[PDB]
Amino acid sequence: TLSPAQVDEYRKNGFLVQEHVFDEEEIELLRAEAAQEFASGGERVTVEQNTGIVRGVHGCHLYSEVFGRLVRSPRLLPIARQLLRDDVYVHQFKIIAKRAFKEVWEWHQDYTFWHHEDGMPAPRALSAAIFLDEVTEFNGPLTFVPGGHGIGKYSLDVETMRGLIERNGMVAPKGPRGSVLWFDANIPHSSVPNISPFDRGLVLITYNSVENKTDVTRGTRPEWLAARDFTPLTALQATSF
């Protein structure tokens, strides 16, 4: 679990980075497994329009043994329970390929899209972005308005951003391969394009509160984008095998 000093950097800033949570052997396992999901997700892999290039794949924690364990990991599941003062469930899971010379980019709040088109009641959620590769200034890093979480499609306009940014600034947190970037479901952020010539990968996991579940009433999206099964997640039945 996070120190109280880490919990309060997260409460203050709206995001937090822990470095080298995962080692190179575990990351490489995640990279190989992401390649299998790319090669055999069907409708679950997103492709570009006028190009044949793969940008992402979703839902893998429900079709892959490895990713099912990943989301129940002691380096993830506890921190998400702690931070959300609850038991939690995965709202969505994806693997993003930030391709060299990049996609859709506008400043947003995640909560907004979930609230309307899936049915989240409150911003009682977060995301853990696992860095499969080093995040630098030049490979399109997630970029935040720190403190920002406190709202002729769901993108924040320049007039509101103008004000939000004059007060708070902007940060593009960096980090080595194997870092985790935890960020609030109501922090405003944007993806810069990758002007480096090197592809970059991410695993993005959204933990939602159980008390805070979806209302199936409103939902439009298939299970691999928005989750139907709200069973609390627990650590793997504990074993010497």
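Residue numbers here begin at 1 and follow the sequence given.
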{"item": "Residue 103 preceded by how many uncoordinated deposited residues after residue 102", "value": "1 to 3"}
{"item": "Unresolved deposited residues in the interval that joins residue 158 and residue 159", "value": "none"}
{"item": "Per the entry, higher mean C-alpha B factor between 44-52 and 58-66", "value": "44-52"}
{"item": "Segment of higher mean CA temperature factor, 122-130 or 138-146", "value": "122-130"}
{"item": "From 153, 72, 94, 91, residue of greatest CA B-factor", "value": "153"}
{"item": "Criterion, highest CA B-factor; candidates, 217, 18, 13, 231", "value": "217"}
{"item": "Chain-wide C-alpha B factor ranking for residue 98, given as lowest, middle or highest third", "value": "lowest"}
{"item": "Chain thirds of CA B-factor: placement of residue 179", "value": "lowest"}
{"item": "Record-listed C-alpha B factor of residue 192: chain third", "value": "highest"}
{"item": "Third of the chain's Cα B-factor distribution that residue 206 belongs to, per the entry", "value": "lowest"}
